[PDB]
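Here's the structure, in structure tokens; my notes come after.
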Number of protein chains: 2
Amino acid sequence: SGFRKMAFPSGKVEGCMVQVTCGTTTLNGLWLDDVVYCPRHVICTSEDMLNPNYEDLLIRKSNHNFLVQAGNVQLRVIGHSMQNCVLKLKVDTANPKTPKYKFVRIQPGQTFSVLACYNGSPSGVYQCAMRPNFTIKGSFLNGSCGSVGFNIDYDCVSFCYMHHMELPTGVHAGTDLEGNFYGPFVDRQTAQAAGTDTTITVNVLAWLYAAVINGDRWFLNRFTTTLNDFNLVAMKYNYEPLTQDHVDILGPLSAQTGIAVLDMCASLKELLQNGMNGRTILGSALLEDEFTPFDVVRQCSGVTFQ
Amino acid sequence: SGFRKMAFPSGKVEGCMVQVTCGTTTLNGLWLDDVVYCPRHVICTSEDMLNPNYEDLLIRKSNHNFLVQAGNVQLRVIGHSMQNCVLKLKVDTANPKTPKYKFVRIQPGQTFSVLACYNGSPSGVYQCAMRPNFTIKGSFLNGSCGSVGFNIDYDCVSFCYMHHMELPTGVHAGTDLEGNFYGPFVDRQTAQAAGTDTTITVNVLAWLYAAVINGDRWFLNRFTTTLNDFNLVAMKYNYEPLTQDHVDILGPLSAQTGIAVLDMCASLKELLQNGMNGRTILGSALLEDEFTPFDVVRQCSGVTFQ
Ligand SMILES: C=Cc1cccnc1
Ligand SMILES: C=Cc1cccnc1
């Protein structure tokens, strides 16, 4: 037992991380086969950074303007191209550590592991979720641009996130690996802000099941509710609607615990309307919404990855 | 910015994990150079498991009783020996992925990353602390025996933990890599229990600094207190004493935030005596004690590892 915000083993990604320097800017790149992926604002200098015309900036660049370091080994850039908000730097060396991978865009509410990096060098790994407002509450300092987020499914790394910027509330915004930003953010200096967020309702339910599986039952009740009546309480508490599909995805956990999903909704409703009254759940005094149904089944079962 | 329970990149450890089978028992081993380290209760069967005489059990074993799988590659056991509560299985193959390592025993209060494993196959990574009662609040299922805990310091993996058992409250007990258990636990089936715990006071302070660095300041105050007066409040709230050395280790964070350590103690005291009154700190509604001063400086700075 136990329940921890658990990331995927990061080894397969660590051997893809490289350092991309261009001008005065150094950031992290993702080296897969003979291409390094990185944020396109590497070609900007501090005064480009305002309202840049990236297609103009890139024609003025040479291959040799791109210093790529794979550890202490220099990579020779033989080509460069722009795909949305990422650069694709073509190197003369395929990454022999290239894992099986995909470029997948995730949904708000889904989680992923983040291998935070500085100067192409991995620093830590931690689990995040894509907030309903398409931000992520990460832990990122200057130099972490180009750190990626990923899931791993057996041996395949599904890359889903490239880090690009911090927003003024301290949350983080970036792209999928195809260079398309998550949410209404841009790689310029504007007064952009996160925008209002919600709590991921299906994930709180999944985490309530995680609790029941792990022995916290004080919040259960005989009561039940309809899906409609639950959703009127969710809207009050800035929770995002629960759909029948969410109830369906919660079936396995309902099944394993013997707690009908709508019964669990009744419990959440009471938790939302009454607070916790000085008690905790899985060592938390808040309702946790960054574990998916997948994550709960993953730790409460024992699935691994080769 | 941001603050996340952050583990070390796990790649260097993942390439040491192997599967040790012996009889009906399968668990994880740690392969470094030509030796696999694993818990000695692998040589037990379900009825040995009560009060075993492990030295008797091991003389009855043959080298060939030990199936060692490094992925899909079998390792030939050429020798076996017992060091306290671990087995040392000598294999004919040095692990070519052996990182620079040390075997270090940690102190209660210090943290480490845990690469949870099943059948020698890494499942997830997460950060833990050694509780004052020498347990750890991990996330471990059947088959996770032999998963290790570690820190990484530049390129060197300091291994500190081998997982051995779950205790009836769901917390976890194990050994250092020299086979010596953390705390008064034994690798038998007894009615052993965790024993009373405390909150790691120095770590809460470090995390309060993490908050101030990240913009949460609502809990600060003009007040101050003496170290003695603080420790009388700590004892009330089951916090463990703060020493001058703890204050000394907190200097850098005091220095960077401009908040004297004893001023921060005053804040903790008010937080202990008043609660949080519906507010949160670093997204937590509880006082967090599983970040050391090192961990805070590590994320709030940007140290990495090669
Ligand atoms: C302001 C620090 C920062 C954080 C993430 C990305 N870029 C910069
Ligand atoms: C009871 C499950 C378990 C957890 C950790 C280690 N061993 C067994």
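Each chain gets a letter, A, B and so on, in the order its sequence line appears, and its residues count up from 1. Just so it is clear, the values below take in all heavy atoms, side chains as well, and ignore hydrogens, waters and symmetry mates.
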Using every non-hydrogen atom in the two residues, find where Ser301(B) and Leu141(A) come nearest and quote the distance to one decimal. O-CD1, 3.0 Å

Using side-chain heavy atoms (C-beta onward) and a distance below 4.5 Å, is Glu290(B) in contact with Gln127(B)? no

What do the steps show when you test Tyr118(B) against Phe140(B) for ring-ring contact (aromatic ring centres under 6.0 Å, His included), and what is the final call? CA-CA 9 Å; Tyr118(B) 301 89; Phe140(B) 282 131; 8.0 Å; no

Donor-acceptor contact below 3.5 Å, side chain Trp31(A) vs main chain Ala94(A): no

Specify the closest pair of heavy atoms between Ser144(A) and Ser147(A), including all atoms of both residues, with the distance to one decimal. O-OG, 2.8 Å

Which of these, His172(B), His41(B), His164(B), sits in a ring-ring contact (aromatic ring centres under 6.0 Å, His included) with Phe181(B)? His164(B)

As an exercise, state the distance from SG of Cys44(B) to CE of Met49(B), rounded to the nearest 0.5 Å. 5.5 Å

When you measure from the side chain of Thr304(A) to the backbone N and O of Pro122(B), does any donor-acceptor pair fall under 3.5 Å? no

Using a 4.5 Å cut-off on heavy atoms from C-beta on, say whether the side chain of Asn119(B) contacts that of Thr26(B). yes

Between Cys38(A) and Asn28(A), the two heavy atoms sitting closest are CB-O, 3.7 Å

For the pair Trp207(A) and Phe3(A), evaluate side-chain contact (heavy atoms from CB on, under 4.5 Å) and give the outcome as yes or no after the intermediate values. CA-CA 9 Å; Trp207(A) 171 77; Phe3(A) 207 68; 4.3 Å; yes

Please lay out, stage by stage, how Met165(A) and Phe185(A) fare under the test side-chain contact (heavy atoms from CB on, under 4.5 Å). CA-CA 9 Å; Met165(A) 64 190 99; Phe185(A) 311 117; 4.2 Å; yes

Donor-acceptor check, side chain of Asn133(A) to backbone of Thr135(A), threshold 3.5 angstrom: yes or no? yes

Value rounded to 0.5 Å, distance of CG in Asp153(B) from NZ in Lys100(B): 13.0 Å

Mind listing the closest non-hydrogen atom pair of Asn203(B) and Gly109(B) along with its distance? ND2-O, 2.9 Å

Test: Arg105(B) cationic atom under 6.0 Å from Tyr182(B) six-membered ring centre, within 45° of axis: yes

Do you see a donor-acceptor pair shorter than 3.5 Å between the side chains of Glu166(A) and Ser1(B)? yes

Check: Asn95(A) main-chain N/O paired with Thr98(A) side-chain donor or acceptor under 3.5 Å: yes

Return the CG to OG1 distance between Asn151(B) and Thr111(B), rounded to the nearest 0.5 Å. 5.5 Å

Nearest atoms (heavy-atom pairs only) where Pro9(A) meets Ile152(A): O-CD1, 3.2 Å

Residues which pass ring-ring contact (aromatic ring centres under 6.0 Å, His included) with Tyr126(A), listed by chain and number, not counting sequence neighbours: none

Is there a side-chain contact between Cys22(B) and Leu27(B) in this structure, where contact means two heavy atoms from C-beta onward sitting under 4.5 Å apart? no

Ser121(B): side-chain hydrogen bond (donor to acceptor under 3.5 Å, both in side chains) partners, not counting sequence neighbours: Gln306(A)

Are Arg298(B) and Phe8(B) in a cation-pi contact, defined as NZ or CZ under 6.0 Å from the six-membered ring centre and within 45° of the axis? yes

Heavy-atom pair with the smallest gap, counting every atom of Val296(B) and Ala206(B): CG2-O, 3.4 Å

Can a donor-acceptor pair be found, under 3.5 Å and without considering hydrogens, that links the side chain of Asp216(A) to the backbone of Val212(A)? no

Would you indicate whether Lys137(B), at its atom NZ, is surrounded by more than 12 heavy atoms from other residues, nucleotides or ligands within a distance under 6.0 Å? no

Would you call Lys102(A) and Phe159(A) a side-chain contact if the rule is heavy atoms closer than 4.5 Å? no

So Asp289(B) and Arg131(B), salt bridge (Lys or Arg N to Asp or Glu O under 4.0 Å) or not? Walk me through it. CA-CA 10 Å; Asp289(B) 80 335; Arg131(B) 296 311 304 180; 2.9 Å; yes

By side-chain hydrogen bond (donor to acceptor under 3.5 Å, both in side chains), which residues pair with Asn72(A), not counting sequence neighbours? none

Less than 4.5 Å apart, side chain to side chain, heavy atoms only: is that true for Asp176(B) and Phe103(B)? no

d(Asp34(B) CG, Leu89(B) CG) to nearest 0.5 Å is 11.5 Å

For the CD atom of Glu288(B) and the CG atom of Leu282(B), what is their distance to the nearest 0.5 Å? 9.5 Å

Relative to the ring of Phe112(B), is the ring of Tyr161(B) parallel (under 30°), tilted (30 to 60°) or perpendicular (over 60°)? tilted

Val202(A) side chain reached by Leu250(A) side chain, heavy atoms, under 4.5 Å: yes

Mark yes or no for whether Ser123(A), through its side chain, and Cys117(A), through its backbone, hold a donor-acceptor pair below 3.5 Å. no

To the nearest 0.5 Å, atom SG of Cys16(B) lies from atom NZ of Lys97(B) at 9.5 Å

Worked check of side-chain contact (heavy atoms from CB on, under 4.5 Å) between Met6(B) and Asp295(B): CA-CA 8 Å; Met6(B) 185 164 314; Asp295(B) 297 342; over 6 Å; no

Between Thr175(A) and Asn84(A), is any pair of side-chain heavy atoms under 4.5 Å apart? no

Heavy-atom side-chain contact between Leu30(B) and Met17(B) under 4.5 Å: yes

Please verify the inter-ring angle class for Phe66(B) with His80(B); under 30° counts as parallel, over 60° as perpendicular, anything in between as tilted. tilted

Is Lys5(A) close enough and on-axis enough to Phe291(A), meaning under 6.0 Å and within 45°, for cation-pi? yes

Can you check side-chain contact (heavy atoms from CB on, under 4.5 Å) on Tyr209(A) and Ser254(A), steps first, answer last? CA-CA 8 Å; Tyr209(A) 281 111; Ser254(A) 188; 3.6 Å; yes

For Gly11(A), is there any backbone N or O sitting under 3.5 Å from a side-chain donor or acceptor partner on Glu14(B)? yes

